[PDB]
């Protein structure tokens, strides 16, 4: 089942309001054809360079950052080009990305919320139509809609009474979420 960890700071937030707010603060790194700049808006894979158990990206607007976890791949210039695919198990959100492939992987200095056991799996042949591509590219480009839609389905599969409009504390009461100290 989907497992959620959250800083007690967001106890009374709905998942939808947290993710819309987080995405607004993160913004859009503008990783688009003709706007990709080395050391500015690429993020990185661990172990990488183009695959791994983690993809991490820091905001160009703020200290906000996300880490995508599972078994992830980027096609780069190979057909179908510029596609992120594979297994997405987890999304961690907060501030101050640290680490890299030779430093033990990626972590957040200030992790606010993580979603685990997402059970998402997109094959390479689906290209940018894949759910994994839509979720992670959305976070990159300041649109958490695709992530919100997946979390909503996963919560309703636990109990039809739960949704993206549940507070973190309501999800703790239903045994889905666990508070961490701020």
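Residue numbers count along the first chain shown, from 1.
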Ranked by mean Cα B-factor in the entry, 98-106 and 83-91, top stretch is 98-106
Of 124-132 vs 152-160, the stretch with the larger average CA B-factor in the entry is 152-160
Residue 46: CA B-factor among chain residues, third -> lowest
For residue 114, the third of its chain by CA B-factor is the middle
Among the modelled residues of its chain, the C-alpha B-factor of residue 64 falls in the third labelled middle
Sorting the chain's modelled residues by C-alpha B-factor and splitting them into thirds places residue 10 in the lowest
In terms of its chain's C-alpha B-factors, the third that includes residue 27 is the middle
